[PDB]
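Chain letters run A, B, ... following the sequence lines, proteins first and then strands; every chain starts at 1.
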Amino acid sequence: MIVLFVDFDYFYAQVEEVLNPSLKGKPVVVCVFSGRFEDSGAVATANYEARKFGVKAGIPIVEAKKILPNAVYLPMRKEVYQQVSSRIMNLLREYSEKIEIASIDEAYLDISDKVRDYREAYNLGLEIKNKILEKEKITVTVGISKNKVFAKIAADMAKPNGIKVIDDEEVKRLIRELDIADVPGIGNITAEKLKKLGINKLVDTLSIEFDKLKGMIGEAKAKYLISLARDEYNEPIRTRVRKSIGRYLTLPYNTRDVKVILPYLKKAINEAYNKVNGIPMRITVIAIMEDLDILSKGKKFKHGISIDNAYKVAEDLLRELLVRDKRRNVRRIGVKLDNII
DNA sequence: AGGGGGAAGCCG
DNA sequence: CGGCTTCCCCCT
Ligand SMILES: [Ca+2]
Ligand SMILES: [Ca+2]
C-alpha cells in the first residue's frame, strides 16, 4: 500500500492571502470573534509570519494582539474556505477514487494500484502540488508512505510547501526515534500520561504490559500505538462519512432563562441546517456552562429531522439539560447534526 | 456481545 | 478557545 496525504498549508490564512495578495509576507491571523466584547474569542489559523511569534491557533485574540498588535486580524469566512476546499478535493479526485477527505484541509489518497514504486509517488505528489497551485493559488504539503499515519507524519515533517517520502527503512527508524507526542491522533493528555512513565517513543509502548498501557490511555489508543510500533498498521482509506455538522453561539450573558437561550439556539440550528448538504437523523443540543463545562443531550430518529421539528426537539433537549443541571448558568449554546443523508 | 449516548480528547 | 472525532461507559 502506497498512501499520499495532502495537507493544505495554513489553509484559512492562505485563502485570505489569495483573496488579498497584499497580505502576503505580513502576519495574518484568522480568528473566531465571539462578539461578546471586541477582541473576545480565539485565533483559528495563522500564517507563518504570525506563528513564528507565538501567534497560533487556540490562543485568545487579546493575547495575539498583545504579541502582534499590528498583524492583520480577519474573522472566519468558513463558506469561502469550504468552497475553495471542495474545489481542491474534487481536483484531488482526478488522481484517485480511493480518497478519504479527512477534514476541510486534509485528504488521504490510496495510489497503490496506480503507481507501483515510490518515485512515481513523489513525482505525482509534485504534479498534484503544481496543479493545485496553478488552479487555486494555494500551496499544500504532500506526505507519502506505507500507510495513512506515516503519510501524515511525512507531511508534518515537510510543512510548509513540502513533499516527503518515508520509505520502509525510515519507518523502522521512526518507530524508534519519533516522540509519542508527534504521533497523529495522540494529543497532550495521552502524551502526558505516557511521559509520566518514561514512555516517550513508539517503541517504548512495547516495553510496558498491555493491561497497564490500556489502564493509562484506554484500549483504543493502546491498540493503535502498539500496532504502529510493531509496524502492523494496515488501516485502509475509508471514503468520507464525517457526518457531524455543528453550530455554536455565545450568549449575550450567562443565564438559565430559556426565554433568552432558545432564541440563540434556533439561529444556531438555522445556520447549522444550511451548512449541511443532507438531512440529519440525529440532533444533539450542546451547552457550554459558566464553569466552561459542557453538557450534551441528543435524540436520534429512524427518519430525517426537518428544520421545524429540529426547533421543537432541540427545545425539549434544552429544557431537559436545564433539568439535568439545576445549578449552573449557560455561556454558550450550540447544536450538532449527525447521521446525515 | 452489541449499539446508543454523552463526556473526553485532539488539534487548528 | 472552538469545533469536530473518538471512545468508553452503560443498559439490555
Ligand atoms: Ca492541518
Ligand atoms: Ca500529534
Problem - Chi angles and distances behind the side-chain contact (heavy atoms from CB on, under 4.5 Å) call for A:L317, A:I283 - result: CA-CA 9 Å; A:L317 300 180; A:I283 192 189; 4.1 Å; yes
Take the protein atom [atom1] of [X] and the nucleotide atom [atom2] of [N], then report the distance between them rounded to whole Å.
X	N	atom1	atom2	value
A:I288	C:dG2	CD1	P	8 Å
A:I286	B:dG6	CD1	P	11 Å
A:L292	B:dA7	CG	P	15 Å
A:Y224	C:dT5	OH	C1'	13 Å
A:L225	C:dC7	CG	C1'	14 Å
A:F33	C:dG3	CZ	P	13 Å
A:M76	C:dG3	CE	P	7 Å
A:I61	C:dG2	CD1	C1'	11 Å

Taking any heavy-atom pair under 4.0 Å as a contact, classify [X]: base, sugar-phosphate, or nothing.
X	result
A:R51	nothing
A:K300	sugar-phosphate
A:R247	nothing

Hey, what are the protein-to-nucleotides 9-12 of chain B N/O distances that come in under 3.5 Å?
unit_1: B:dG9; atom_1: OP1; unit_2: A:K193; atom_2: NZ; d: 3.2
unit_1: B:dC10; atom_1: OP1; unit_2: A:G187; atom_2: N; d: 3.0
unit_1: B:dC10; atom_1: OP1; unit_2: A:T190; atom_2: OG1; d: 2.4
unit_1: B:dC10; atom_1: OP2; unit_2: A:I189; atom_2: N; d: 3.1
unit_1: B:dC10; atom_1: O5'; unit_2: A:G187; atom_2: N; d: 3.1
unit_1: B:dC11; atom_1: OP1; unit_2: A:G185; atom_2: N; d: 2.9
unit_1: B:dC11; atom_1: OP2; unit_2: A:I186; atom_2: O; d: 3.2
unit_1: B:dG12; atom_1: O3'; unit_2: A:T45; atom_2: OG1; d: 3.2

Heavy-atom neighbours of [X] [atom1] exceed 12 at 6.0 Å:
X	atom1	value
A:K195	NZ	no
A:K312	NZ	no
A:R256	CZ	yes

Between [options], which nucleotide has the shortest distance from any of its atoms to the side chain of [X]?
X	options	result
A:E219	C:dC4, B:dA7, C:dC8	C:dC8
A:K297	C:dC1, B:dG6, C:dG2	B:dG6
A:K336	C:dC4, B:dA7, C:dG2	B:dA7

Practice task
Compare side-chain N and O positions of A:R238 against OP1 and OP2 of C:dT5 and report whether any pair is under 4.0 Å apart.
Solution key: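 False: A:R238 side-chain N/O out of range (4.0 Å or more) of C:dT5 OP1/OP2.
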Practice task
State whether A:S34 places a side-chain N or O below 4.0 Å from either non-bridging phosphate oxygen (OP1 or OP2) of C:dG2.
Solution key: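 Yes, because at least one side-chain N or O of A:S34 sits under 4.0 Å from OP1 or OP2 of C:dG2.
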Handout entry: Whichever of A:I217 and A:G41 has its nearest DNA chain C nucleotide further upstream toward 5'
Key =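 Residue closer to the 5' terminus by nearest nucleotide: A:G41.
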Practice task
Give me the one residue out of A:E17, A:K26, A:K52, A:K24 that meets side chain to side chain donor-acceptor pair (under 3.5 Å) with A:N47.
Solution key: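 It is A:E17; the other options fail the test.
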Practice task
Applying side-chain contact (heavy atoms from CB on, under 4.5 Å) between A:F8 and each of A:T141, A:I138, A:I104, report the one that passes.
Solution key: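 Exactly one candidate clears the test, A:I138.
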Practice task
Over 60° means perpendicular and under 30° means parallel, so classify the ring planes of A:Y12 and A:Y81, tilted if in between.
Solution key: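 It falls in the parallel class, under 30°.
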